Each structure stands twice: as structure tokens, then as C-alpha cells.
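Before any comments, here is the structure.
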Amino acid sequence: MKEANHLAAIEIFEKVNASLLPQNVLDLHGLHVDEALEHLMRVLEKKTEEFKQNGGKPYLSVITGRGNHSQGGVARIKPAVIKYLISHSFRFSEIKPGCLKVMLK
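Heads up: take any position in the sequence shown, counting from 1, add 1665, and you land on UniProt numbering.
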């Protein structure tokens, strides 16, 4: 699944976020730039709130996918997401291929 990965990504994302959100993980590899951003933005804001209110994780591990380091399919989610973080003055740092770990503010 190179191309089909992008279509499968939606159903994967939905089933996956259920288990991944409590880890403070935002994993949406394969989604469109718009989709990825729209999901990321709403989760990031509510997670910031969960951080300051409920005492969740002080971070969010964003998986855009293994875009660039050891693998590379659709990595344009990464420049898109990066731009979102910087524009809001967030603190992030990539782990390894395409995985941006963001520290909540």
C-alpha cells in the first residue's frame, strides 16, 4: 500500500487514535494535508487544555508518518504540520523519520 495507504489511513487513524490519544499521541500518517491539519489542530488545543486542566502529558507525539529518515512515502504532512506549530510558537522536535514530538505550551 503506497497509494492505498492514503485511503486506508482514514480508517486506521480512527481506530488508532482511540488507543493512541491517551498516550498523547496524535498519529495520522497517510491523511491529506488538510485532514491531518484539521485533526491535529483540534486535538492539540484540547490536549493543551487536558495538560493544564487534567494534568495529562506535557507533550504530544505527532506521527506524520515515516516521511523522511528511514522511509519516505507521503511526507508533505510534515512541512504542513511544522508550519502549523511554528506559526503558533510551539515547541517541537522530530524524533526520527517524520515523527514530530511537540511539547505543549
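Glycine included, each C-beta is placed from N, C-alpha and C at the ideal position.
| query | DSSP three-state call for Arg1707: helix, strand or coil? | reply | Along the sequence shown, read from residue 1 onward, the residue named residue 1707 stands at position 42. Residue state, collapsed to three classes: helix.
key: Counterpart residues of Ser1758 in DSSP-defined beta bridges   = Here residue 1758 corresponds to residue number 93 of the sequence shown, with the count starting at 1. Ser1758 pairs with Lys1766.
Margin query: Let me make sure I understand the geometry here. Which of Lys1680, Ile1675 and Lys1711 has the alpha-carbon closest to that of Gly1695?
Written below: Here residue 1695 is taken as the residue at index 30 of the sequence shown, counted from 1. When each option's Cα is compared against that of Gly1695, the closest is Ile1675.
Item to check | Residues bridged to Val1727 (per DSSP) | outcome: As a first step, residue 1727 must be located in the sequence shown, where it is residue number 62. Beta-bridge pairing links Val1727 to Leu1691 and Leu1765.
If you draw a straight line from the C-alpha of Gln1688 to the C-alpha of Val1698, how long is it? Here residue 1688 corresponds to residue number 23 of the sequence shown, with the count starting at 1. Here residue 1698 corresponds to residue number 33 of the sequence shown, with the count starting at 1. Roughly 23 Å separates the two Cα atoms.
- Item | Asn1682, DSSP secondary structure in three states | Locating residue 1682 in the sequence shown gives position 17, counting from the first residue. In the structure shown, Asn1682 sits in a helix (DSSP, three-state: H, G or I).
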